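Presented below, as structure tokens, is a lone chain in the form deposited in one PDB entry.
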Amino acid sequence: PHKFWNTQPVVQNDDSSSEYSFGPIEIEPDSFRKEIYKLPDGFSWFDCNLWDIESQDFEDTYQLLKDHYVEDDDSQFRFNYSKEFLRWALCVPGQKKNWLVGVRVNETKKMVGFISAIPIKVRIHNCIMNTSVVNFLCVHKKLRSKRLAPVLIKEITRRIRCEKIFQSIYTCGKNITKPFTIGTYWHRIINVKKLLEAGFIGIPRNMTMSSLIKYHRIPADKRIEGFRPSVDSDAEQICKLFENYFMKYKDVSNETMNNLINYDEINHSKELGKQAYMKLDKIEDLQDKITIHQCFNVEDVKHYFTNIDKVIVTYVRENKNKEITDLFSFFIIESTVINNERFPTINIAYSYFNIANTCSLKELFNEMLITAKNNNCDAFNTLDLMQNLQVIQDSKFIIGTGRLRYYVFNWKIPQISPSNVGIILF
């Protein structure tokens, strides 16, 4: 039983909903708490200066996450997000200085807590809105189980609402309230020996180090020409590539995609915001289509679908007209091998956004897998989001442990398949 999440505008696990509907859970533009939340005595909030990668805040944040952020259930691996990754993930177009939220010990200046939000644009069925993604919630291990997390969550919620934004998207590797979808982790082994040394996999009794290497090999027998890293001048072409992809998989009519309800212009009024509610005749009207996804304008594309060594890899395929027709992308996160003082980290690729128009998605992922290998990634990870299950099904991906639950704050979304979701969080 929750004591915090039961009070919040989210669909609860006990939820009995007559129908599949979309829309705001509450329209409360003026009634939220505006006063800063109290921390334990001796602690203080600060706006985390991630705007200069050399700053002390950035160093403190890197250290806090390195030692206290997400681990696997068995505490064998912990994420080790680089500063360059964090800068790409958090200093996004439109970001607010006050959406990077730190907790400091006044006596020692030690940073003991962090939470962040980034602005994104999203379509949800027939509505479009500016919203927030909350990520990198982190509390020092020595401060856990003291109910600080809700304080951090309440404070970031306040700071988002001060920007006239009343919804948020977030994921969790555990069930909290009722998730609108559940993603499954899949892993493609690239560097067998490194991952054996790290304990990520073992050597089966019916196999050898060498048979294992042969089995997990990325095939090269069939390559696809025309792929190159994206550059900044591709942004307009990439942007249109995404519009086309989302138009292709829309779950509303063409007239509706072109005339989405802009929740930003109506969320100040209980009466007008009602417009955003939508009943859905049948959940099968959504089958095989995308219902919620991020929207990118050209400045977003320039930032997200770029190439930064050891952070983000974006390739596009040109046709004979030198028009961009396909795109793959993946970001790179190192993980600490918690119990291995000698080989201490592994470099993992994570599928981001992928668009196949002139090749199959399987062919695209195969080109991306080779590129990830050539980027010194030890494994390639993906979720069964969008059309990825097509690649995962008939492949050498191995299932991960646990599941990734998707949440939206203060919005109703029926429970949907992850194929219907085009939201990737870092």
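Position 1 is the first residue in the sequence shown; the rest follow in order. Take the two forms, superpose them, and find the largest set of C-alpha atoms that agree within 1.5 Å; that set is the rigid core.
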**Fill in**
Higher of the two mean Cα B-factors (292-300, 207-215; per PDB record) comes from 207-215
**Prompt:** Taking only the CA atoms, which stretch has the higher mean B-factor in the record, 377-385 or 31-39?
**Reply:** 31-39
**Asked** Among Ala356, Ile128, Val313, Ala220, which residue carries the highest C-alpha B-factor recorded in the PDB entry?
**Response** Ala220
**Prompt:** Per the entry, which of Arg78, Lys282, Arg159, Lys121 tops the list for Cα B factor?
**Reply:** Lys282
**Asked** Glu334's Cα B-factor: lowest, middle or highest third of the chain?
**Response** lowest
**Prompt:** Split the chain's modelled residues into thirds by Cα B-factor; is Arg342 in the lowest, middle or highest one?
**Reply:** highest
**Asked** For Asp57, does the deposited CA B-factor place it in the lowest, middle or highest third of the chain?
**Response** middle
**Request:** Going by the recorded CA B-factors, say which third of the chain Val103 sits in, lowest, middle or highest.
**Result:** lowest
**Item:** Assigned third (lowest, middle, highest) for the C-alpha B factor of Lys154
**Value:** lowest
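Quick note: we don't show the form deposited in another entry, though the next part is all about it.
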**Request:** Identify which of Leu212, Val134, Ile332, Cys295 has its C-alpha displaced by 2 Å or more between the shown form and the other one once the rigid core is superposed.
**Result:** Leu212
**Request:** Please check if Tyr20 moves between the shown form and the other one, taking a CA shift of 2 Å or more relative to the superposed core as movement.
**Result:** yes
**Request:** Could you tell me whether the Cα atom of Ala149 shifts by at least 2 Å between the shown form and the other one after core superposition?
**Result:** no
**Asked** Is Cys91 among the residues whose Cα moves by 2 Å or more between the shown form and the other one after superposition of the rigid core?
**Response** no
**Prompt:** What happens to the Cα distance from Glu19 to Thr184 in that other deposited form: does it get closer or farther than here, with a change of 3 angstroms or more?
**Reply:** farther
**Sense of CA distance change between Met386 and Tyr20 in that other deposited form, threshold 3 Å** = farther
